[PDB]
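Single-structure report; data block below.
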Number of protein chains: 2
Amino acid sequence: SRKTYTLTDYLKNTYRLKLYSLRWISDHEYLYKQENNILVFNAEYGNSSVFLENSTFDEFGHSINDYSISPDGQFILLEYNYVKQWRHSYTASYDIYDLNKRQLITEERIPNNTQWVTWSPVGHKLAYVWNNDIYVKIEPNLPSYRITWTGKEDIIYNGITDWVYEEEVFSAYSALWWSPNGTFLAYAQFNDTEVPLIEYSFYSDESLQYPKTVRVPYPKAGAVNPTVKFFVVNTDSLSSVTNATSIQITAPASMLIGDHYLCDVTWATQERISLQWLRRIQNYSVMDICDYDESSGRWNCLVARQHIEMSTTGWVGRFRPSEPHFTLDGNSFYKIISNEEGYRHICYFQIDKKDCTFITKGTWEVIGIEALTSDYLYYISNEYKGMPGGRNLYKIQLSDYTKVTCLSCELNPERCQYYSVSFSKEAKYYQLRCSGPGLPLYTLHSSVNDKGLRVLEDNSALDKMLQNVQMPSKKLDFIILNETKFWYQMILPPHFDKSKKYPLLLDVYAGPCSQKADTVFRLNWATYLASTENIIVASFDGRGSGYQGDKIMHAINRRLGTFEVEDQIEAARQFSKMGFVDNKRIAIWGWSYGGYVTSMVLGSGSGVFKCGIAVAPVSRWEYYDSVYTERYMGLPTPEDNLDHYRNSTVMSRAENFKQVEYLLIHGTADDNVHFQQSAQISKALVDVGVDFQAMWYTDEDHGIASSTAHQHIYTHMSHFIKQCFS
Amino acid sequence: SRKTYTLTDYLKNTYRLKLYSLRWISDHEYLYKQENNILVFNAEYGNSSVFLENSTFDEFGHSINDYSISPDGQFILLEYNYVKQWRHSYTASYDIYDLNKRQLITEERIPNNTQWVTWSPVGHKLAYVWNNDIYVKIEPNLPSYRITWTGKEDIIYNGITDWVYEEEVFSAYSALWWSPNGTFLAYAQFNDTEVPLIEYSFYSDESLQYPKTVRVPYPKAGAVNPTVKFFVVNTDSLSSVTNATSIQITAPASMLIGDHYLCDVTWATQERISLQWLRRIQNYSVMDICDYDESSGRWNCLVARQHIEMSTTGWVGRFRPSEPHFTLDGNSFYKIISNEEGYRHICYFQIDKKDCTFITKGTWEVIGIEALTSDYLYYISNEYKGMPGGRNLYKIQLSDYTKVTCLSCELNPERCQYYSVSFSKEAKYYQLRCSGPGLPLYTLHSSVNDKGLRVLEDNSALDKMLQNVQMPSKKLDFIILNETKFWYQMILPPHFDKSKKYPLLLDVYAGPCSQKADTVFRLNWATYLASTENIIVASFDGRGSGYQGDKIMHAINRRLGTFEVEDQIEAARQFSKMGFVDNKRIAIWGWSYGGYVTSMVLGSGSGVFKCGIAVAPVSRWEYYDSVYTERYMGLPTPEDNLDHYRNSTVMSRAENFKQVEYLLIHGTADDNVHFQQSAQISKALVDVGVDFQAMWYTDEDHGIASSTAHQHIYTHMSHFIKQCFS
Ligand SMILES: CC(C)[C@@H](Nc1ccc(CNC(=O)[C@H]2SCCN2C(=O)C[C@H](N)Cc2cc(F)c(F)cc2F)cc1)C(=O)O
Ligand SMILES: CC(C)[C@@H](Nc1ccc(CNC(=O)[C@H]2SCCN2C(=O)C[C@H](N)Cc2cc(F)c(F)cc2F)cc1)C(=O)O
């Protein structure tokens, strides 16, 4: 009777998880693919018309993957030649197709090898970066206009984020920001002139005779940072002036004093724009609100309009200060910030009234400000049931702060405790995402009544297919320590016997403001081991975890590589004295930050573990970029915290590895955690004379994405864990 | 009773092998260290005086490792700051000490960071290369003279060999050649301008933040070769002319036609110099003999003086055409060359009489022309007992070629069958090196009587220390195949039972003109496994082995990666049907070329093996340098043998790896077999979905020399073999 979730049922991915990714084109209309054609749904009654045919693109000669329709619904952009670079950066070519005249444009097209292109919020104005310069077309068929000329590769990035501004701050490539009615366009430029490079080898296919040395700007902690500058241009007169005039916003003076960054820039009104500027020591940021001048033509920022935002126990925000959310008029806004008790709640500011008013309280951080009508503010947070990995949607009335209504609570909390959401334009309709504990369920809701229309995807298909197979189970809970409760979880095998000795495996990522303890239902490697192998996977959230207040998340400021690693072991301890946790067989594995921790853990004399696996792990903080590292360690100099970068290195513990069975794995083309860190980890043990299992993956970046490598790694880990155990 | 040669007794090296490395300063005097001081021995009676004190160098402030005394015995050069680069290249600083006035020189010293320095054969003239230029000092304290100014790093090498000219042709760095009476000096220059580079990462100690990208000129097979040029200068008038005039020798025309090299240049007389020039297709070389002109001042080469030397079945020579050996006058010489039957015997040439006369015959190649008095010619060869790995010294009389006397035959062939030798100047005394089968024995002999004076080192110390431990044993022999006998050998365990099933391990290097079957007595990793683990190590010489005629060595010309790999397995077969060779447990491991073979072997469908280990193995010949590769494969183009580079790639066999248990190991800073080859080997299996054991060694060059890495690797191999077996 029945089999289990094997490696193959995993790797080859037999059990599919149907989504329903849609994009609203208005306030009551969105677009949803259907494999062949692309239907256009009507938010309300759902009278699904067919927007664009599928066969209308066979004879294209190219392999097309993405599309982008302007507001006008008059042009579809076609993406192909996708060449991943970093996390979100990609270089490809695009073709514009005129929807109305049912014909494909031909002359004055977007250059091949572009870097980013986009529609403006309204109107089909196309802005784009190519060869590191910003060109803009008012009309598709018409020529174009170069807003910059200074653009010099791997030096001056116009309209696009360099390496570090991508991964750590914006988590995107798009360094341009269109204005509400497509009248203004604001970009961000970076002089990487003195920014240091990190070279390495790429080997391509067996045919390449001489390897290629990839050099890319990358400020490893304490090094030089690419100086930034912000501008704005009038996309209207640029067509009839010759050289489009590009006015620059500078300051804040509180930022000019030294090394600065650029947190999150967002418009408020057609002539009002708010820019958040962070300091290198990320405890002090300042938000600026500048408007447009009809006389002077310059963007002025009346000093009595800024909102200084500081932190006495660390950095500012979760991974950057959250984006403001202005009201319609544009003189009032809402930004999720750290409060007194250290919980992140929607403070309501005024463009001149310095202070604010938190329109929420308690011991439950708020996740994000989704929608904002001059009636309700639909946000997400971990309040219901009290748990941190519990995502829900609440709609607080802007007039009375007692009027706070949950919407995703009782939809079926027997199957849902984790959400996120997609709204229409005027937010007259929203699409909820139930991603756990049970199977994901996407559903539609009308806003004026907050009533549930219908079910867009119930996964009943996948579901019936899991009754034929003995799946595991997820016990998510908390343990008490130092008077505070910390959250962990266990992917328990089927037919769980709490009286027999089992082998444990700690799956730890646990990096600052993370969360390894949530109701999220995933069918990953954890799911295989738990079922087929009978190895209990477990993740613990300790003294650094986010979404649980600042007292928990900030307790690692500057002490990175101490508590979040101790707590892990202290956790491993708490499990030992639980019965089924067969002391003589406990494991710990981690990827990325997870590998780093899993590295400090092994070299602790803990002896709690028999073996361990670290994938692309950090091992000395000078080896990672500053915008992330400096935020949790200050500067690597004796005047700051250099003493600790040196204490928290996987290398100094190399000696205590003699007991364990370490297994290092690393992409030899990792843009993120440079192979370097792992090149020193090995050489560490080689010098201390300690055998260990090495395994490199050629050309593989930080995620060891490639189909083959992916299937490969998780295989080599299965052979390992099911050795060190069964 | 007794233990065995464990890993530790190996790695930590407990059992030492006393040598007796000496250097003759004349015809009856040499220098031999004594740890503290440095004694000077008298070749004859042996009345050992003490040359230089040890304490005379305490207060040196530096760490000194080497010394070099001029002929004059008037100056000692002191080496320190040794920075290994490649195989023989090294960069360090040197201090000259005046022996007579017992004082150290101070001003006008050798610049720090020099690249090579040397005494002339007579007189204390110092020639040296620094920053890629050739300077020469007549006197130590006096200034110096720059013979070149074109010297530009990683482009123009004056007085020093680039990467490829070091490893494959000269096996040295010294690209200058002093003339007999220090009157002339001849250098070799290299325009590496178009020579391609091979970059890679070096990571240094944990402190380096940004890795360093090592770029070095290196012509991988079929690429561009660094064009060479040869000169000569008058070290006498250079002191009194200003710019020392540097006359160039060009041609041969047979060489100007296309891509050429420079085999081996050697003087004959104060005004006679012979230069050997090879073609890119290494089957055709030409030796030139040019003299000095008193009128014209130019070095002329009367065409009727050259000695064309071609090969119809391969390249010319063993790894380069052997060096000529002229007679005193300088009009007659001896060069070991391939003869009719294809055996390398001392042909005797005349500077004008085109042909020659072989003063030796038979089925035993000659190793080398050691000494040459106008009486006898003391060479080495594998004639005695008929075996190939049998080295001995013979002294054939120049007047009668029947007068051929062995000297190292009966000294105790119960303990000796392998030699090599060090002669005095006028060869009035020679020091023999018995390196196998039993313990090494160094001894002295007088030449005028060829009588054995005394024993310089008998190893009786080490010896007595091997009676307390059960050492293995070495059965060296041959097997018959295709009517020809091929040589193999077995490092058999103690108390060998030829009736019980044992596990075998093929230790194969077997590359062109190599020898894995010889009477050499070594205490390496093989010795550990054989004893303690009871795994029978074995090496086989097949269809490519040298020292056994051309019919055996040349049978792989252009077919590299076919017979020498087949024969290996065919050999593995011959062992299987021998009893103790437990079929269900046979291994094969190889380093460098050895790993390559051991790679082709695994992917053969042979099924003969259960597992295998390859260290820094070649895996596609485009990945190695041309001067070595082109010699055994011609050029990688369809007009030559490109078709076969592609057949002989470890990658195409990636599929047949599913059965075996491959284990790849490779230095990540290998100047020789670039990590590249192994980066493709892995990616090969990753794509065919085949689990394998990877293990890289950071910064380690081709030999994984470093104490720690060395101990490490051989450990990781012991865990493996003693798993795949015991
Ligand atoms: C291991 C795998 C499953 C997957 N893990 C992973 C874990 C968490 C997240 C969520 N990201 C965020 O919330 C935001 S906000 C600013 C950018 N955020 C980031 O996390 C950027 C960091 N550079 C991520 C990172 C940190 C390290 F310390 C490190 F050594 C390597 C790294 F890649 C994404 C990925 C992965 O790493 O690709
Ligand atoms: C494996 C270890 C013990 C040891 N093996 C090794 C084997 C043989 C020799 C002796 N060399 C000679 O007689 C002459 S003459 C012209 C230069 N000769 C050479 O052999 C030059 C070749 N380039 C050597 C070589 C290197 C490689 F990396 C490779 F894959 C293949 C190769 F052939 C030295 C070392 C080692 O290579 O480090």
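Following the order of the structure tokens, first chain is A, next is B, and so on, with residues numbered from 1 inside each chain and ligands from 1 in the order they appear.
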
Using only C-alpha atoms and all ligand atoms, determine which residues fall within 6 Å of ligand 2, then list them as a VMD selection string.
chain B and resid 167 to 169 171 319 591 to 593 617 to 618 672 to 673 703

For N, CA and C atoms, I'd like the residues from the last selection saved as a PDB file, in the first residue's frame.
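Output saved as result.pdb:
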ATOM      1  N   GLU B 167      59.094  23.792 -18.664  1.00  0.00           N
ATOM      2  CA  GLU B 167      58.576  22.456 -18.437  1.00  0.00           C
ATOM      3  C   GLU B 167      58.875  21.398 -19.492  1.00  0.00           C
ATOM      4  N   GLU B 168      58.563  21.689 -20.753  1.00  0.00           N
ATOM      5  CA  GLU B 168      58.731  20.710 -21.839  1.00  0.00           C
ATOM      6  C   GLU B 168      60.054  20.525 -22.585  1.00  0.00           C
ATOM      7  N   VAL B 169      60.849  21.581 -22.728  1.00  0.00           N
ATOM      8  CA  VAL B 169      62.093  21.458 -23.475  1.00  0.00           C
ATOM      9  C   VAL B 169      63.420  21.458 -22.691  1.00  0.00           C
ATOM     10  N   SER B 171      63.751  22.076 -19.188  1.00  0.00           N
ATOM     11  CA  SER B 171      63.626  21.603 -17.821  1.00  0.00           C
ATOM     12  C   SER B 171      64.612  22.411 -16.957  1.00  0.00           C
ATOM     13  N   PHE B 319      62.661  13.178 -25.193  1.00  0.00           N
ATOM     14  CA  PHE B 319      61.826  14.323 -24.810  1.00  0.00           C
ATOM     15  C   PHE B 319      62.464  15.579 -25.418  1.00  0.00           C
ATOM     16  N   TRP B 591      48.591   9.774 -11.049  1.00  0.00           N
ATOM     17  CA  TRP B 591      48.775  11.201 -10.832  1.00  0.00           C
ATOM     18  C   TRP B 591      49.264  11.814 -12.151  1.00  0.00           C
ATOM     19  N   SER B 592      48.893  13.070 -12.416  1.00  0.00           N
ATOM     20  CA  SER B 592      49.244  13.797 -13.660  1.00  0.00           C
ATOM     21  C   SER B 592      48.829  13.053 -14.939  1.00  0.00           C
ATOM     22  N   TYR B 593      49.791  12.584 -15.726  1.00  0.00           N
ATOM     23  CA  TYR B 593      49.456  11.843 -16.933  1.00  0.00           C
ATOM     24  C   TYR B 593      48.734  10.598 -16.428  1.00  0.00           C
ATOM     25  N   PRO B 617      44.600  15.255 -13.471  1.00  0.00           N
ATOM     26  CA  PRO B 617      44.686  14.571 -14.753  1.00  0.00           C
ATOM     27  C   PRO B 617      44.360  15.393 -16.016  1.00  0.00           C
ATOM     28  N   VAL B 618      45.007  15.070 -17.136  1.00  0.00           N
ATOM     29  CA  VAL B 618      44.709  15.739 -18.406  1.00  0.00           C
ATOM     30  C   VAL B 618      43.376  15.082 -18.774  1.00  0.00           C
ATOM     31  N   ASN B 672      50.491  23.734 -14.441  1.00  0.00           N
ATOM     32  CA  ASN B 672      50.617  22.674 -15.451  1.00  0.00           C
ATOM     33  C   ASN B 672      49.308  22.143 -16.047  1.00  0.00           C
ATOM     34  N   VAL B 673      48.694  21.191 -15.360  1.00  0.00           N
ATOM     35  CA  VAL B 673      47.421  20.654 -15.805  1.00  0.00           C
ATOM     36  C   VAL B 673      46.453  21.653 -15.202  1.00  0.00           C
ATOM     37  N   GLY B 703      52.012  19.611  -8.051  1.00  0.00           N
ATOM     38  CA  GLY B 703      52.491  18.564  -7.164  1.00  0.00           C
ATOM     39  C   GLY B 703      51.880  18.475  -5.779  1.00  0.00           C
TER      40      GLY B 703
END

Tell me, as a short mmCIF file (atom, residue, chain, number, x, y, z; two decimals) with N, CA, C and O atoms, in the first residue's frame, which residues lie within 10 Å of residue 390 (chain B), counting only C-alpha atoms; anything in the same chain fewer than 3 positions away does not count.
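Below is the file that was written, selection-v2.cif:
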data_model
loop_
_atom_site.label_atom_id
_atom_site.label_comp_id
_atom_site.auth_asym_id
_atom_site.auth_seq_id
_atom_site.Cartn_x
_atom_site.Cartn_y
_atom_site.Cartn_z
N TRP B 364 69.13 -2.65 -26.37
CA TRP B 364 69.25 -1.97 -25.07
C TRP B 364 69.61 -0.51 -25.33
O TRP B 364 70.75 -0.21 -25.69
N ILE B 380 75.65 5.29 -19.63
CA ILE B 380 74.78 4.46 -18.82
C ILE B 380 73.76 3.84 -19.78
O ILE B 380 73.44 4.44 -20.80
N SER B 381 73.28 2.64 -19.46
CA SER B 381 72.30 1.96 -20.30
C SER B 381 71.71 0.75 -19.59
O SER B 381 72.18 0.36 -18.51
N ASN B 382 70.68 0.15 -20.21
CA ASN B 382 69.96 -1.02 -19.67
C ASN B 382 70.33 -2.34 -20.34
O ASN B 382 69.45 -3.10 -20.75
N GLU B 383 71.62 -2.62 -20.43
CA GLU B 383 72.09 -3.82 -21.09
C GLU B 383 72.30 -5.00 -20.17
O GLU B 383 71.86 -6.11 -20.46
N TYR B 384 73.00 -4.76 -19.06
CA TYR B 384 73.28 -5.84 -18.12
C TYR B 384 71.98 -6.53 -17.71
O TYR B 384 70.95 -5.87 -17.54
N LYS B 385 72.02 -7.85 -17.58
CA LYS B 385 70.85 -8.64 -17.19
C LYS B 385 69.67 -8.50 -18.17
O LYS B 385 68.61 -9.12 -17.99
N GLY B 386 69.86 -7.67 -19.19
CA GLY B 386 68.85 -7.47 -20.22
C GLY B 386 67.64 -6.59 -19.93
O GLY B 386 66.94 -6.17 -20.86
N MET B 387 67.40 -6.30 -18.65
CA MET B 387 66.25 -5.49 -18.21
C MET B 387 66.30 -3.99 -18.50
O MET B 387 67.35 -3.37 -18.39
N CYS B 416 72.29 -4.05 -6.21
CA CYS B 416 72.30 -2.95 -7.17
C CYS B 416 72.10 -3.32 -8.65
O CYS B 416 72.74 -4.22 -9.18
N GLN B 417 71.19 -2.60 -9.29
CA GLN B 417 70.88 -2.80 -10.70
C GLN B 417 70.41 -1.45 -11.25
O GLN B 417 69.96 -1.36 -12.39
N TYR B 418 70.50 -0.42 -10.43
CA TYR B 418 70.09 0.92 -10.87
C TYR B 418 71.12 1.95 -10.42
O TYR B 418 71.42 2.09 -9.23
N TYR B 419 71.67 2.67 -11.39
CA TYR B 419 72.67 3.67 -11.11
C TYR B 419 72.49 4.96 -11.91
O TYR B 419 71.56 5.14 -12.70
N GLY B 436 68.83 1.12 -6.22
CA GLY B 436 67.94 -0.03 -6.17
C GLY B 436 68.65 -1.30 -6.60
O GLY B 436 69.73 -1.23 -7.20
N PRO B 437 68.09 -2.49 -6.31
CA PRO B 437 66.83 -2.80 -5.60
C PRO B 437 66.82 -2.57 -4.09
O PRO B 437 65.82 -2.11 -3.54
N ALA B 517 58.29 0.43 -14.47
CA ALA B 517 58.87 -0.87 -14.12
C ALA B 517 60.39 -0.78 -14.04
O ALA B 517 61.08 -1.01 -15.04
N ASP B 518 60.90 -0.44 -12.86
CA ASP B 518 62.35 -0.33 -12.61
C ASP B 518 62.78 -0.77 -11.19
O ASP B 518 61.98 -0.81 -10.25
N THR B 519 64.05 -1.12 -11.07
CA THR B 519 64.64 -1.59 -9.82
C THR B 519 64.82 -0.53 -8.75
O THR B 519 65.44 -0.77 -7.72
N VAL B 520 64.26 0.65 -9.00
CA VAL B 520 64.36 1.74 -8.04
C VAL B 520 63.68 1.41 -6.72
O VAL B 520 62.53 0.96 -6.68
N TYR B 547 62.95 3.64 -23.15
CA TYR B 547 64.07 2.78 -22.77
C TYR B 547 63.94 1.33 -23.24
O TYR B 547 64.68 0.45 -22.79
#

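Near chain A, within 6 Å and using only C-alpha atoms, the residues of chain B are residues 209, 679, 687, 694, 695, 698, 708, 709 and 712 of chain B.
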
Selection file, N, CA and C atoms, as a CSV table (one decimal), in the first residue's frame:
chain,number,residue,atom,x,y,z
B,209,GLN,N,41.4,39.7,0.9
B,209,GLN,CA,40.0,40.0,0.7
B,209,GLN,C,39.6,39.7,-0.7
B,679,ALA,N,37.7,20.7,-14.3
B,679,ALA,CA,36.5,21.5,-14.1
B,679,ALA,C,35.5,21.0,-15.2
B,687,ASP,N,26.5,16.3,-15.9
B,687,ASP,CA,25.5,16.3,-17.1
B,687,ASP,C,25.1,14.9,-17.5
B,694,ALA,N,34.7,14.1,-5.5
B,694,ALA,CA,35.6,15.3,-5.9
B,694,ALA,C,36.3,15.7,-4.6
B,695,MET,N,37.4,16.4,-4.9
B,695,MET,CA,38.3,16.9,-3.8
B,695,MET,C,39.3,17.8,-4.4
B,698,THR,N,43.1,24.0,-2.6
B,698,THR,CA,43.4,25.4,-2.7
B,698,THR,C,44.9,25.9,-2.8
B,708,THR,N,51.2,20.2,4.5
B,708,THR,CA,49.8,19.9,4.9
B,708,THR,C,49.0,19.2,3.8
B,709,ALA,N,49.0,19.7,2.6
B,709,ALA,CA,48.2,19.2,1.5
B,709,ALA,C,48.7,17.8,1.2
B,712,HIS,N,47.6,15.5,3.6
B,712,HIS,CA,46.1,15.4,3.4
B,712,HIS,C,45.7,14.5,2.3

Contacts of region 536-542 of chain B at 7 Å or less, counting only C-alpha atoms, minus same-chain residues fewer than 4 places along, as a PyMOL selection string?
chain B and resi 486-493+503-508+510+515-517+526+530+564+567-568+571

Residues near residue 458 (chain A), anyone? I mean within 10 Å using only C-alpha atoms, not counting same-chain ones fewer than 5 positions away, as a ChimeraX atom specification.
/A:18-19,434,439-443,463

Can those selected residues be exported to a file as an mmCIF file, in the first residue's frame so that it contains N, CA and C atoms?
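Saved file out-v5.cif follows:
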data_model
loop_
_atom_site.group_PDB
_atom_site.id
_atom_site.type_symbol
_atom_site.label_atom_id
_atom_site.label_comp_id
_atom_site.auth_asym_id
_atom_site.auth_seq_id
_atom_site.Cartn_x
_atom_site.Cartn_y
_atom_site.Cartn_z
ATOM 1 N N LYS A 18 0.068 23.656 -8.952
ATOM 2 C CA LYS A 18 -0.667 24.657 -9.727
ATOM 3 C C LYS A 18 -0.788 26.014 -9.027
ATOM 4 N N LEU A 19 -0.433 27.076 -9.749
ATOM 5 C CA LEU A 19 -0.528 28.441 -9.235
ATOM 6 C C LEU A 19 -1.748 29.113 -9.859
ATOM 7 N N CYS A 434 -3.146 31.607 -0.113
ATOM 8 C CA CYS A 434 -3.010 30.730 1.051
ATOM 9 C C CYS A 434 -1.870 29.758 0.698
ATOM 10 N N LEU A 439 -2.323 22.498 1.299
ATOM 11 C CA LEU A 439 -2.067 22.902 -0.093
ATOM 12 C C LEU A 439 -2.401 24.364 -0.424
ATOM 13 N N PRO A 440 -1.591 25.016 -1.285
ATOM 14 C CA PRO A 440 -1.881 26.412 -1.634
ATOM 15 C C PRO A 440 -3.259 26.612 -2.286
ATOM 16 N N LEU A 441 -3.968 27.653 -1.859
ATOM 17 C CA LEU A 441 -5.282 27.976 -2.405
ATOM 18 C C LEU A 441 -5.312 29.450 -2.759
ATOM 19 N N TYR A 442 -5.560 29.740 -4.025
ATOM 20 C CA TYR A 442 -5.639 31.112 -4.488
ATOM 21 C C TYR A 442 -7.131 31.408 -4.603
ATOM 22 N N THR A 443 -7.573 32.570 -4.127
ATOM 23 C CA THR A 443 -8.996 32.925 -4.212
ATOM 24 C C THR A 443 -9.226 34.404 -4.477
ATOM 25 N N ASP A 463 -3.746 17.238 -4.644
ATOM 26 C CA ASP A 463 -4.319 16.679 -3.428
ATOM 27 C C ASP A 463 -4.651 15.192 -3.547
#

List the neighbours of residue 399 (chain B) out to 12 Å using only C-alpha atoms; skip same-chain residues closer than 6 positions along the sequence, and give me the result as a PyMOL selection string.
chain B and resi 359+373-377

Which of region 133-182 of chain B end up as helix (DSSP H, G or I) when DSSP is run on this backbone - answer as an NGL selection string?
:B and (164-170)

Using only C-alpha atoms, which of A:137, A:403, A:152, A:260 sits nearest residue 110 (chain A)?
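Result for the nearest residue to residue 110 (chain A): A:137.
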
When you draw a straight line from CA of residue 45 (chain A) to CA of residue 444 (chain A), how long is it in Å?
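Distance reported for this atom pair: 11.3 Å.
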
Within 8 Å of residue 657 (chain B) using only C-alpha atoms, minus same-chain residues under 4 positions, as a VMD selection string
chain B and resid 602 to 603 653 661 to 662 685 690

Find the residue from A:562, A:227, A:598, A:295 that sits nearest to residue 259 (chain A); use only C-alpha atoms when measuring.
A:227

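The shortest atom-to-atom distance to residue 66 (chain A), with only C-alpha atoms taken into account, belongs to A:82 out of A:51, A:348, A:82, A:394.
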
Applying 9 Å and only C-alpha atoms, which residues near residue 30 (chain B) remain after dropping the ones on its own chain fewer than 4 positions away? List them as number ranges by chain.
B: 22-26, 40-43, 424

Now that the selection is made, can you save its residues with N, CA and C atoms as a PDB file, in the first residue's frame?
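Contents of the output file out13.pdb:
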ATOM      1  N   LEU B  22      77.248  15.723  -3.472  1.00  0.00           N
ATOM      2  CA  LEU B  22      78.485  16.486  -3.473  1.00  0.00           C
ATOM      3  C   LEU B  22      78.675  17.202  -4.785  1.00  0.00           C
ATOM      4  N   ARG B  23      79.581  18.170  -4.769  1.00  0.00           N
ATOM      5  CA  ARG B  23      79.882  18.955  -5.947  1.00  0.00           C
ATOM      6  C   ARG B  23      81.392  19.094  -6.077  1.00  0.00           C
ATOM      7  N   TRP B  24      81.931  18.612  -7.190  1.00  0.00           N
ATOM      8  CA  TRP B  24      83.359  18.698  -7.426  1.00  0.00           C
ATOM      9  C   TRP B  24      83.713  20.122  -7.793  1.00  0.00           C
ATOM     10  N   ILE B  25      84.793  20.614  -7.196  1.00  0.00           N
ATOM     11  CA  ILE B  25      85.271  21.962  -7.460  1.00  0.00           C
ATOM     12  C   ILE B  25      86.427  21.895  -8.463  1.00  0.00           C
ATOM     13  N   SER B  26      86.943  20.680  -8.660  1.00  0.00           N
ATOM     14  CA  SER B  26      88.054  20.426  -9.578  1.00  0.00           C
ATOM     15  C   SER B  26      87.992  18.985 -10.078  1.00  0.00           C
ATOM     16  N   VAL B  40      85.438  20.054   3.058  1.00  0.00           N
ATOM     17  CA  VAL B  40      85.935  19.949   1.689  1.00  0.00           C
ATOM     18  C   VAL B  40      86.780  18.671   1.653  1.00  0.00           C
ATOM     19  N   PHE B  41      86.320  17.691   0.877  1.00  0.00           N
ATOM     20  CA  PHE B  41      87.008  16.412   0.767  1.00  0.00           C
ATOM     21  C   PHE B  41      88.033  16.353  -0.363  1.00  0.00           C
ATOM     22  N   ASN B  42      89.042  15.509  -0.152  1.00  0.00           N
ATOM     23  CA  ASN B  42      90.105  15.272  -1.126  1.00  0.00           C
ATOM     24  C   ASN B  42      89.823  13.913  -1.774  1.00  0.00           C
ATOM     25  N   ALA B  43      89.302  13.981  -3.000  1.00  0.00           N
ATOM     26  CA  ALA B  43      88.927  12.818  -3.809  1.00  0.00           C
ATOM     27  C   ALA B  43      89.746  11.552  -3.547  1.00  0.00           C
ATOM     28  N   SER B 424      84.266  13.827 -11.619  1.00  0.00           N
ATOM     29  CA  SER B 424      85.123  14.957 -11.261  1.00  0.00           C
ATOM     30  C   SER B 424      85.298  15.731 -12.559  1.00  0.00           C
TER      31      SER B 424
END

Nearest to residue 330 (chain B), restricted to only C-alpha atoms and choosing among B:290, B:613, B:126, B:134, comes out as B:290

I need the strand (DSSP E) residues of region 238-303 of chain A per DSSP on the backbone, written as a ChimeraX atom specification.
/A:246-249,265-269,272-278,284-292,299-300

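Across the structure, CA of residue 370 (chain B) and CA of residue 325 (chain B) are spaced 9.3 Å apart.
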
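With only C-alpha atoms as the atoms that count, the residue of B:349, B:149, B:32, B:119 with the shortest distance to residue 20 (chain B) is B:32.
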
May I ask for the distance between CA of residue 425 (chain A) and CA of residue 186 (chain A), given in Å to one decimal place?
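Between CA of residue 425 (chain A) and CA of residue 186 (chain A) the gap works out to 22.4 Å.
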